[PDB]
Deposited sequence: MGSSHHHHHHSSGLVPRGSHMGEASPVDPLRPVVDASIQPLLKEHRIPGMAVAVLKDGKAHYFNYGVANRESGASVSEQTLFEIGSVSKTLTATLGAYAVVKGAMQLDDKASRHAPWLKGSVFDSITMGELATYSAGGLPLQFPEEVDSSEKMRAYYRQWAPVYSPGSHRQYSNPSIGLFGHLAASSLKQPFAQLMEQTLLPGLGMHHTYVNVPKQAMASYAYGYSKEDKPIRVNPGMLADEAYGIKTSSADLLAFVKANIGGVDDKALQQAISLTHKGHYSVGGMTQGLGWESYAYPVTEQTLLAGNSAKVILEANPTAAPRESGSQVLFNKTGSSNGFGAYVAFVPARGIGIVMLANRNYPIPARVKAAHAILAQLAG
């Protein structure tokens, strides 16, 4: 593979510097998938990573949850300007009478936090959490990246479709996308392909309320590259195609980043500096005011304990990259390596 030297030059230094036990890398160019696999999925078994190895992709899950939401819209079960409580009777009477589904999807409802408080560990406590929640900002005015925000959006999207979220994903959406080894619940027969994550102390670890919706997907580099392909070349089902397209529309911007449903987008070519800034601690951790929206590059980061994932692609150039590791290594390292590889593929 004549792309191997290019990918190795950017990936190998990451593996050494951060002692990454294993990484699956997949690249798309000119309609062809290329797989580059490094190290081990499981340090006990010493089993090699392949493009069929399942990794936790953490917040990259939000691109798939967004696509379910968009599918619900395409099917007429909901609209992004619906008030949230329209799809949750238990939210009637709360501030969610005046927050929209799109605002939940784009983390712009008014300062829902990054994580549920640790005490919110059941269905009953979660419902009380949202019912008592007091907005910090007016709806639409600030982005605060939030699991409770998009988690709720996904949860209500499934409810709009009258099916549990895990079932819709595993039985309809993901196989519709060509993703047959992508799970919220990894089945018995897939367990032997399931990587372990490795904490900073080299302890093996595996994955909360609305975990499924916000960060719970297990998938392979092959499946994730198929999702990238679907975001470039498209898919057979008309409803799913339109769903995917809705996830590309920009809602608002924060600096040079434009927020859509799940995917975050940039004018391409994109400087390393612009891509680093939109994926910076400032953008991830603080509230930022929303501004008017923007070739286009789409990306999403994901970081669970013991896992670090990144996906980026450019439909106008037919290029894309997936990087899945079982170490949570820094986002800037992911962004830099991806940017370098895509620049070489773009020619």
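Fill in: Unmodelled ranges, which are counted on the deposited sequence from position 1 and given in order
Gaps vs deposited seq, in order: 1 to 27, 235 to 236, 324 to 327.
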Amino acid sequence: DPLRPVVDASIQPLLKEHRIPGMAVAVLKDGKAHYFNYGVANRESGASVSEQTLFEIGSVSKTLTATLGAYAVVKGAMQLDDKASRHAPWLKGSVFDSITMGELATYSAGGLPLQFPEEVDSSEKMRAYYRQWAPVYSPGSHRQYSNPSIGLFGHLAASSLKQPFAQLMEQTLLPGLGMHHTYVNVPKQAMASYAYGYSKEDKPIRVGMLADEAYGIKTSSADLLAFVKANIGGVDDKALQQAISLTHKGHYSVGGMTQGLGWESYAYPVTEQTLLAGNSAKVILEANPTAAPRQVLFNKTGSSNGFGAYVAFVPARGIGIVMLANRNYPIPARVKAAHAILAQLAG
From here on, numbers count along this sequence of modelled residues.
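Item to complete: Look up the CA B-factors in the entry and say which stretch, 119 to 127 or 231 to 239, has the higher mean.
Response: According to the entry, 231 to 239 carries the higher average C-alpha B-factor.
Worksheet entry | Of 214 to 222 and 97 to 105, the one with larger mean CA B-factor | Stretch with the higher mean C-alpha B-factor: 97 to 105.
Worksheet item: Per the PDB entry, which option out of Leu173, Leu114, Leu276, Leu161 has the greatest Cα B factor?
Response: By C-alpha B-factor in the record, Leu161 ranks first.
Worksheet item: Whose C-alpha has the highest temperature factor in the PDB entry: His142, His181, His87, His155?
Response: Highest C-alpha B-factor among the listed options: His87.
Worksheet item: Would the CA B-factor of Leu324 place it in the lowest, middle or highest third of its chain?
Response: Bottom third by C-alpha B-factor.
Discussion item. Please place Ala70 in the lowest, middle or highest third of its chain according to the CA B-factor in the PDB entry.
Written reply: It belongs to the middle third of the chain when residues are ordered by C-alpha B-factor.
Practice prompt. Taking the chain's C-alpha temperature factors as the reference, tell me which third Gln52 falls into: lowest, middle or highest.
Written response: Ranked within chain, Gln52 CA B lands in the middle tercile.
Worksheet item: Lowest, middle or highest third: where is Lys29 by Cα B-factor in its chain?
Response: It belongs to the highest third of the chain when residues are ordered by C-alpha B-factor.
Item to complete: Compare the C-alpha B factor of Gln132 with those of the other modelled residues in its chain, then answer lowest, middle or highest third.
Response: Its C-alpha B-factor belongs to the highest third of this chain's values.
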